[PDB]
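Visitor: Below are the structure tokens for one structure; questions will follow.
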Number of protein chains: 2
Amino acid sequence: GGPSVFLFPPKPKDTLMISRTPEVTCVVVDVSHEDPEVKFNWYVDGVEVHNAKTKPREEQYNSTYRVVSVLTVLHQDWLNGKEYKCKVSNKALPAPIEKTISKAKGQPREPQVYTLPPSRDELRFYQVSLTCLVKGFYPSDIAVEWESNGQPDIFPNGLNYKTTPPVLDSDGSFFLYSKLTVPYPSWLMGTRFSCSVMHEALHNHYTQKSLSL
Amino acid sequence: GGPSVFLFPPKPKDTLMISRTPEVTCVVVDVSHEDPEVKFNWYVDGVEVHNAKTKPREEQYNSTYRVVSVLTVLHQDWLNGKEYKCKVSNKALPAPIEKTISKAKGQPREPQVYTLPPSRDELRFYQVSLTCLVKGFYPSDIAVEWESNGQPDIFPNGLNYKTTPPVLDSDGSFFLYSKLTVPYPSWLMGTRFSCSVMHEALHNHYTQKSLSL
Ligand SMILES: *[C@@H]1O[C@H](CO)[C@@H](O[C@@H]2O[C@H](CO)[C@@H](O[C@@H]3O[C@H](CO[C@H]4O[C@H](CO)[C@@H](O)[C@H](O)[C@@H]4O[C@@H]4O[C@H](CO)[C@@H](O)[C@H](O)[C@H]4NC(C)=O)[C@@H](O)[C@H](O[C@H]4O[C@H](CO)[C@@H](O)[C@H](O)[C@@H]4O)[C@@H]3O)[C@H](O)[C@H]2NC(C)=O)[C@H](O)[C@H]1NC(C)=O
Ligand SMILES: *[C@@H]1O[C@H](CO)[C@@H](O[C@@H]2O[C@H](CO)[C@@H](O[C@@H]3O[C@H](CO[C@H]4O[C@H](CO)[C@@H](O)[C@H](O)[C@@H]4O)[C@@H](O)[C@H](O[C@H]4O[C@H](CO)[C@@H](O)[C@H](O)[C@@H]4O)[C@@H]3O)[C@H](O)[C@H]2NC(C)=O)[C@H](O)[C@H]1NC(C)=O
């Protein structure tokens, strides 16, 4: 064939925070040197739009260019299920490649957030684990972060945490876990930690759950 | 080209338990009706073997057969890093397709297992969540299960649990979480639950961590 197209959704956090701005990204790979001509046509539910923006092309070590087309979207357009289509055309293609992406369908469901202290057996070590359980949400688009009331003297570098991907639960909903690693002295001195979750189905798209000794 | 080949590693649990038998699986898709002839040649570190077994072909909705070749492997052969090669040949191919798979390289690291009781705020609900943290292991091949001392009268159907995929941690090791959902009355009556973890770097490839009220 010829070039390949891939269309990605906006960041879950971008569509949920008022401060941020979501965008859809249409990437084009496998584009030839002989015909590096690429065009884009964007359609929101079958209605063309021309506010998208194409970034400069870039060569890769595999001797192929890379074209990307970014389309900023309204917060509530995506959350209401509007479908976004990217139409790519180039000489190397017999017919243009059209791709579409939208939010997962299904009545959203609200997550429950639970913080669990570190296991008693983990204090033998110096780094202990604070856990945040987020369960029962749909769709799986979600954002998770940790906060502290600890000054930089205890945390000169920021907080160290990692979050699992969403896992389909036995009731059609999703769950995940996020682990925050902190020194034991910080846990013992009464530091207040906070698990923050952004999800469509939450009121104000946000909830925050605390954890401390 | 023609048909496509895919080679899969043995289940982590299969290579760790003596009772089970691990297998490398070499799948062939996109095989034509005009030429449904397939051959396999297996090599363990460049040494041919003839104990593999081919299962009957199966028709697909897209009108393509699918041929599978299964090779049982010795437990310690895989765990010691031996590379397994699958060579596929068919009329529709100009030259045979060879694929190889082996265990991830790197000094193995032993996991730590910690059980966390359900959050106090989750008792509002009837289904509560028991958590098992497994962290600090390498490679990411691991198997996790839950056990109970509860008869079938409390659990006529088995235990309900889901386990996350491994997540790369900030020290090059991996962690995961497994969630067991149980009715609150079972938690309150003293039922003893058990998180069982099978990993190469564990002594006897097995460890078990308990949890109860
Ligand atoms: C006619 O219909 C067929 C069936 O629908 C089509 O077959 C499919 O063909 C595609 C390629 O076009 C293959 O894609 C690959 O999938 C691999 C994963 O396969 C496992 O998981 C899927 C479900 O997720 C499952 O259906 C497979 O059968 C396979 O299951 C595994 O099976 C083994 C033993 O059989 C078992 O031990 C495992 O536990 C089990 N695992 C699971 C999760 O069930 C990928 O690994 C491949 O990835 C490659 O390519 C990626 C990018 O393309 C790259 O990132 C990767 O690194 C890697 O290189 C690849 O995506 C499907 O597997 C195959 N499905 C089946 C059932 O055969 C057929 O293509 C279609 N005809 C045509 C013309 O399209
Ligand atoms: C020249 O070199 C560049 C970089 O090495 C290659 O760019 C990649 O090309 C492959 C072509 O297959 C693309 O593969 C697709 O990747 C997607 C992942 O997107 C994430 O990752 C990229 C980079 O890591 C991020 O930029 C992006 O924001 C995302 O975070 C997958 O989603 C795709 O999977 C889907 O399609 C395949 C094929 O149908 C299915 O098998 C999957 O199941 C799934 O449906 C796919 O794997 C890759 O995206 C390209 N990266 C970038 C950054 O563009 C060029 O391909 C290479 N040139 C040639 C000719 O290959």
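By convention here, the chains of the structure tokens are called A, B, ... in the order presented, each chain's residues are numbered starting at 1, and ligands are numbered starting at 1 in the order presented.
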From segment 69-145 of chain B, collect each residue whose DSSP state is strand (DSSP E) and return the set as a PyMOL selection string.

Guide: chain B and resi 69-72+84-89+97-101+112-116+127-137+143-145

Visitor: Matching each Cα of chain B to the same-order Cα of chain A and superposing by least squares, what RMSD do you find?

Guide: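 Once chain B is fitted onto chain A, the C-alpha RMSD works out to 0.4 Å.
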
Visitor: Produce as a PDB file with C-alpha atoms, in the first residue's frame the set of residues near ligand 1, where near means within 10 Å with only C-alpha atoms and all ligand atoms considered.

Guide:
```pdb
ATOM      1  CA  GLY B   2       1.600 -13.516   2.237  1.00  0.00           C
ATOM      2  CA  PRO B   3       0.636 -15.032   5.599  1.00  0.00           C
ATOM      3  CA  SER B   4       1.792 -13.588   8.915  1.00  0.00           C
ATOM      4  CA  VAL B   5       3.502 -15.345  11.830  1.00  0.00           C
ATOM      5  CA  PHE B   6       3.286 -14.611  15.561  1.00  0.00           C
ATOM      6  CA  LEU B   7       5.254 -16.326  18.334  1.00  0.00           C
ATOM      7  CA  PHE B   8       4.153 -16.221  21.973  1.00  0.00           C
ATOM      8  CA  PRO B   9       6.016 -17.048  25.198  1.00  0.00           C
ATOM      9  CA  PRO B  10       4.852 -19.547  27.821  1.00  0.00           C
ATOM     10  CA  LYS B  11       2.472 -18.461  30.540  1.00  0.00           C
ATOM     11  CA  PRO B  12       4.512 -17.221  33.536  1.00  0.00           C
ATOM     12  CA  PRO B  22       4.972 -24.510  29.574  1.00  0.00           C
ATOM     13  CA  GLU B  23       4.739 -24.077  25.822  1.00  0.00           C
ATOM     14  CA  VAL B  24       5.866 -21.709  23.103  1.00  0.00           C
ATOM     15  CA  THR B  25       3.073 -21.107  20.590  1.00  0.00           C
ATOM     16  CA  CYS B  26       3.707 -20.247  16.928  1.00  0.00           C
ATOM     17  CA  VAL B  27       0.548 -18.977  15.212  1.00  0.00           C
ATOM     18  CA  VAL B  28       0.055 -18.530  11.461  1.00  0.00           C
ATOM     19  CA  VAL B  29      -2.709 -16.292  10.084  1.00  0.00           C
ATOM     20  CA  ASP B  30      -3.505 -14.963   6.595  1.00  0.00           C
ATOM     21  CA  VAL B  31      -3.101 -18.444   5.064  1.00  0.00           C
ATOM     22  CA  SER B  32      -4.756 -18.947   1.692  1.00  0.00           C
ATOM     23  CA  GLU B  59     -11.679 -21.400   9.608  1.00  0.00           C
ATOM     24  CA  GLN B  60     -12.217 -17.722  10.377  1.00  0.00           C
ATOM     25  CA  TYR B  61     -14.999 -15.300   9.511  1.00  0.00           C
ATOM     26  CA  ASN B  62     -12.654 -13.627   7.013  1.00  0.00           C
ATOM     27  CA  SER B  63     -12.385 -17.004   5.200  1.00  0.00           C
ATOM     28  CA  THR B  64      -8.804 -17.627   6.355  1.00  0.00           C
ATOM     29  CA  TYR B  65      -7.467 -20.704   8.111  1.00  0.00           C
ATOM     30  CA  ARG B  66      -5.256 -20.448  11.190  1.00  0.00           C
ATOM     31  CA  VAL B  67      -2.533 -23.015  11.878  1.00  0.00           C
ATOM     32  CA  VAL B  68      -0.891 -23.322  15.292  1.00  0.00           C
ATOM     33  CA  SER B  69       2.274 -25.172  16.300  1.00  0.00           C
ATOM     34  CA  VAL B  70       2.830 -25.808  20.013  1.00  0.00           C
TER      35      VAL B  70
END
```

Visitor: With a cut-off of 7 Å and counting only C-alpha atoms, select all residues of chain B in contact with chain A and give the selection as a PyMOL selection string.

Guide: chain B and resi 114-116+119+162+164+167+169+177

Visitor: Enter the distance from atom CA of residue 198 of chain B to atom CA of residue 134 of chain B, in Å, rounded to one decimal.

Guide: 10.6 Å

Visitor: Just want the 9 Å neighbourhood of segment 102-105 of chain A, counted on only C-alpha atoms, with same-chain residues fewer than 3 positions away dropped. Output as number ranges by chain.

Guide: A: 9, 78-85, 108, 138-141
